[PDB]
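A single chain comes next, written as structure tokens; it is the form deposited in one PDB entry.
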């Protein structure tokens, strides 16, 4: 009855207390040295035992006794690789991890537990993997659907997963001949994630893939305003709106919890011009599986 690729979905094969123990193959900082906060791309071995699809997540159990004397609870991460993985052997999973480092209003430099465990992982070391988890951020069954994707920072992950299966891979029962559109919002150029891969896709399928970046510190619009994901979206407002009125249009949103706000601000302008209340309409879209959000 569903409109998304949930044919034989596997959810929760591995549990938090009995997780799959994998090993780190690769792990690379994919952001410039001058960027605000480092992000790492890491590839894990699964020997094919974690049957995830595009847009799912895996939980990681970080090594260590916690500040009470018991094992850490898991932390969820969107799967940054495709079903068949970065190597295409269907034996790997990949993650897009921001190293959480902040300084608290008590003066101390605080390092987030799991993200630092992940960004400090060496090839060969063991990683505890759970899941996979998720059903909300699955690809649309329809290979001719309009797939609008909006991400900020590590929130790019499920879209990288999406797009790899769309343009980088050949599949018998899937031949993408729709329109895929990515809006990726970051602060600096050095904070761009996977730009190279996306660029390659654009010139490989100019008819089927559209790519807009939004670099808030370095870019500006006609009113001289900072380029956030919605500021860039605004530039195609009337066009984006038109696609949303179509029943084969699937929107996905992923990243910082705050991102959801500005987009709505832009969507009010749009829908009001056509006499519709956006918040009211969003509900129709959600229940029709067309507006899809996973923010954190």
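Residue numbers count along the first chain shown, from 1.
Below, we turn to the form solved in complex with a partner chain, even though it does not appear here.
*Taking 4.5 Å between heavy atoms as the contact cutoff, choose which of 108, 196, 222, 207 touches the partner chain in the entry with it bound.*
For this set of options, the contacting one is 196.
*Which of these residues, 240, 259, 267, 30, gets a heavy atom within 4.5 Å of the partner chain in the entry with it bound?*
Looking at 240, 259, 267, 30 one by one, just 30 meets the 4.5 Å heavy-atom criterion.
*asked:* So if I measure heavy atom distances to the partner chain in the entry with it bound, which of the stretches 111-119, 222-230, 134-142, 83-91 falls within 4.5 Å?
replied: Of the options given, it is 83-91.
_Contact of residue 53 with the partner chain in the entry with it bound (heavy atom, 4.5 Å)_ = Close contact is absent here: in the entry with it bound, residue 53 is far from the partner chain, nothing within 4.5 Å, heavy atoms only.
*Taking heavy atoms and a 4.5 Å cut-off, does residue 162 contact the partner chain in the entry with it bound?*
Heavy-atom contact with the partner chain at 4.5 Å: absent for residue 162.
*Can residue 200 be called a contact residue for the partner chain in the entry with it bound at 4.5 Å between heavy atoms?*
The answer is yes: residue 200 has a heavy atom within 4.5 Å of the partner chain.
*Tell me, yes or no, whether residue 183 is in contact with the partner chain in the entry with it bound, where a contact means a heavy atom of each within 4.5 Å.*
It does not: once the partner chain is placed as it appears in the entry with it bound, residue 183 has no heavy atom within 4.5 Å of it.
_Check all three, 148, 251 and 296, heavy atom within 4.5 Å of the partner chain in the entry with it bound_ = None of them does, since no heavy atom lies within 4.5 Å of the partner.
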